[PDB]
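[1] What follows is a protein structure lacking sequence information:
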């Protein structure tokens, strides 16, 4: 088990962690993490980006009182730290089945809006517009729902099982990916409000799916114990299927810098949650990390670096390319 | 900036009367043929400047994304008339007392006065440099002299 390259202390348990995938106009990479009753927004700078930094410079920028356990965080594309018009916008899902949109100027103006209408737990959410006006959410009510920033439901797709992950297509307009617990991944067009296509996993339950940003034909997921890769439009069947974890895989995320590298996490388990970093050319994980109990997995935008939340700590692994 | 540094930079520009006339026409045609756009832009700039500057003044530093084209514009006017080889007292275009004041002369004179009304601290220097350039050619001397003198009759 590799030790984490960097470790940052947190006030409480980290339930979710997400790097800002967008350019905020700052030299540092923005990071959001959700606790039991709060969301923290921080800036991270690494020695690999700036030779004036020894290891990791971690600065808390803002803390938002949430009052509920945060389960998912989505960054808005409008998020900017530019000194002329700073705007922080992100969405959260929590155990109360509500979405909260937070807006801040990083000064005194801190607003949040509550969106209601899911009848079950929300499992995942994303901003599903380049303009950052629309939010997609999925949950245990067997719905995928589309919301404006006004909290009005624009659209609703009835699922055949609980929606487990949702992702916007990185290049193609109007394409939403929805991963269902029974192994089906569906693609929806938000203009026509129609399902375009599905993929099926060989294993169940399907727990997380992500798009490869560097190769928009590739989808990766975790189902049962295994990680699964599809290459579109070649087949509805997996191209690759290999073991990820000895007992239940939970999260899958593609590296933002390398189309052959991805991370998986094991389920919040008695054997301390393993992070496994995989490279498609290798039959085994290139790195196996241990986090004592960790939830959330996110990749840095530029560096070959991933973060996992744990017990009062963030753990960072740099992958040698 | 390019017209200021690269064109007039040439000391040979000092030579051709017809160089000065053409550029003079190009500069006078812009406020005459599209002043609406011109004014839009002026006001925009003044305002943005004021805003960001004041914001920083609270405790920050001015945004690296600033662009003072007006100041470059004021310097351009100052440098263009600064010295003319022809010595034809062309700067006369800046002064409105032959002609029952040609509409063009009135608008330009209004431009010089409008720029003096509630002058932001950031435009103070470019404006002086502009005036400096506009007071060449004796007739012009006297006229702008008096103009400004009276305008000061509080404007920084």
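    Structure's in. What do you need? Numbering: from 1, shown residues only, chains lettered A, B, ... in the order given.
[2] need the residues of the stretch 51-200 of chain A near chain B, please.
    A:82-84 (Cβ under 8 Å from any Cβ of the partner chain). In short, each C-beta sits where N, CA and C put it, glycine included.
[3] my guess is residue A:263 meets residue A:276, correct?
    Yes: here residue A:263 lies in contact with residue A:276, judged by Cβ atoms under 8 Å, at a distance of 7.0 Å.
[4] ok, back up a step: let's have the residues of the stretch 51-200 of chain A next to chain B in CSV, adding neighbour count and secondary structure.
    Listed next are these as CSV, based on neighbours: other Cβ atoms under 10 Å in any protein chain shown; DSSP: H, G, I helix; E, B strand; the rest coil:
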residue, neighbour count, secondary structure
A:82, 13, coil
A:83, 18, coil
A:84, 15, coil
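[5] Just give the nearest non-adjacent residue to the residue nearest the centre of chain B, would you?
    Computing the C-alpha centroid of chain B and ranking residues by Cα atoms, centre = their mean puts residue B:74 first, at 3.9 Å. Nearest residue to residue B:74, sequence neighbours excluded (Cβ to Cβ, 6 or more residues apart in numbering or on different chains): residue B:126, at 3.3 Å.
[6] right, and the one you found touches residue B:77 too?
    No: applying Cβ under 8 Å as the test, residue B:126 and residue B:77 come out as separate, 9.1 Å apart.
[7] residues near the closest residue to chain B within the stretch 151-300 of chain A, how many?
    Nearest residue of the stretch 151-300 of chain A to chain B: residue A:300, at 25.1 Å (Cβ to the nearest Cβ). Close neighbours of residue A:300, defined as other Cβ atoms under 10 Å in any protein chain shown, add up to 23.
[8] helix or strand for the residue nearest to residue B:74, which one?
    helix B:124-134 (DSSP states H and E).
[9] Quick one: list the elements packing against that helix.
    Contacts defined by 3 or more Cβ pairs under 8 Å, 6 or more residues apart in numbering or on different chains; DSSP states H and E place helix B:124-134 against helix B:69-82, helix B:103-114, helix B:138-151.
[10] the inter-axis angle of the second one versus helix B:138-151?
    Using axes from the mean of the first three to the mean of the last three Cα atoms, to 10 degrees, the inter-axis angle of helix B:103-114 relative to helix B:138-151 is 40 degrees.
[11] Same question for the first one.
    For helix B:69-82 against helix B:138-151, the angle by the same axes, to 10 degrees is 140 degrees.
[12] about what we covered before: OK, contacts around the residue nearest to the centre of chain B?
    By Cβ atoms under 8 Å, 6 or more residues apart in numbering or on different chains, residue B:74 lies in contact with B:123, B:126-127, B:129-130.
[13] among these, who's most crowded?
    Highest neighbour count within these, by other Cβ under 10 Å: residue B:130, with 24 neighbours.
[14] That residue and residue B:78, how far apart?
    Between residue B:130 and residue B:78 the distance is 5 Å, computed by Cβ to Cβ, to the nearest Å.
[15] Equivalent analysis for residue A:39, please.
    54 Å.
[16] repeat for residue B:125
    10 Å.
[17] Compare those two and say which is more crowded by neighbours.
    Between residue B:125 and residue B:78, counting by other Cβ under 10 Å, residue B:78 is the more crowded of the two (21 against 12).
[18] Just give the closest residue to that one, not the sequence neighbours.
    Nearest non-adjacent residue to residue B:78 (Cβ to Cβ, 6+ apart): residue B:133, at 3.1 Å.
[19] so who does the residue in chain B positioned nearest to chain A touch?
    Closest approach between chain B and chain A, counting by Cβ to the nearest Cβ: residue B:63, at 4.8 Å. Residue B:63 sits next to A:82-84, B:52, B:56 when contact means Cβ under 8 Å, 6+ apart.
[20] how about a cut-off of 7 Å?
    A:83-84, B:52 (Cβ atoms under 7 Å, 6 or more residues apart in numbering or on different chains).
[21] next one: residue A:99
    Contacts for residue A:99 (Cβ under 7 Å, 6+ apart) come out as A:91-93, A:115, A:122, A:125, A:135, A:137, A:147.
[22] cool, and residue A:196?
    If you count contacts by Cβ under 7 Å, 6+ apart, then residue A:196 has A:187-189 around it.
[23] Mind checking which of the residues you listed are buried?
    A:187-188 (16 or more other Cβ atoms under 10 Å in any protein chain shown).
[24] of the contacts of residue A:196, closest to residue B:67?
    Nearest to residue B:67 out of these is residue A:189 (Cβ to Cβ; 41.8 Å).
[25] so that closest one touches residue A:172, yeah?
    No: in terms of Cβ atoms under 7 Å, residue A:189 does not count as a neighbour of residue A:172; the distance is 9.5 Å.
[26] what secondary structure does residue B:52 sit in?
    Under DSSP: H, G, I helix; E, B strand; the rest coil, residue B:52 falls in the helix class.
[27] Show me which residues of stretch A:31-39 are buried.
    By 16+ other Cβ under 10 Å, the buried positions in stretch A:31-39 come out as A:31-35, A:38-39.
[28] One more: stretch B:126-142?
    Under the neighbour-count criterion of 16+ other Cβ under 10 Å, stretch B:126-142 has B:126-127, B:129-137, B:140 buried.
[29] gap between residue B:50 and residue B:57?
    10 Å.
[30] more neighbours, the two?
    Using other Cβ under 10 Å, the more surrounded residue of residue B:50 and residue B:57 is residue B:50, with 15 against 9.
[31] residue contacts, that one?
    So residue B:50 contacts residue B:120 (Cβ under 7 Å, 6+ apart).
[32] Can you give me the distance of it to residue B:110?
    To residue B:110, residue B:50 is 22 Å away according to Cβ to Cβ.
[33] for the closest residue to chain B within the stretch 1-150 of chain A, what are its contacts?
    Residue nearest to chain B within the stretch 1-150 of chain A: residue A:84 (4.8 Å; Cβ to the nearest Cβ). Residues near residue A:84 by Cβ under 7 Å, 6+ apart: B:52, B:63, B:65.
[34] Among those, which one sits closest to residue A:104?
    Set against residue A:104, the nearest of these by Cβ to Cβ is residue B:63 (19.1 Å).
[35] ok, the nearest residue to residue B:14 once chain neighbours are set aside - how many residues close by?
    Here the nearest residue to residue B:14 in space, its sequence neighbours aside, is residue B:85; by Cβ to Cβ, 6+ apart that works out to 4.8 Å. Neighbour count of residue B:85, defined by other Cβ under 10 Å: 14.
[36] Doesn't residue B:85 belong to a helix?
    No: using three-state DSSP, the secondary structure at residue B:85 is coil, not a helix.
[37] Backbone dihedrals for it, please?
    phi -60, psi -40 (degrees, to the nearest 10).
[38] quick one on the thing from earlier: which one of the buried residues of stretch A:31-39 is nearest to residue B:7?
    Checking the buried residues of stretch A:31-39 against residue B:7 by Cβ to Cβ gives residue A:31 as the nearest, at 50.4 Å.
[39] thinking that closest one is in contact with residue A:40, fair?
    No: in this structure, residue A:31 is not within contact of residue A:40 by Cβ under 7 Å, at 8.3 Å.
[40] State the distance from residue B:13 to residue B:137.
    Using Cβ to Cβ, residue B:13 is found at 18 Å from residue B:137.
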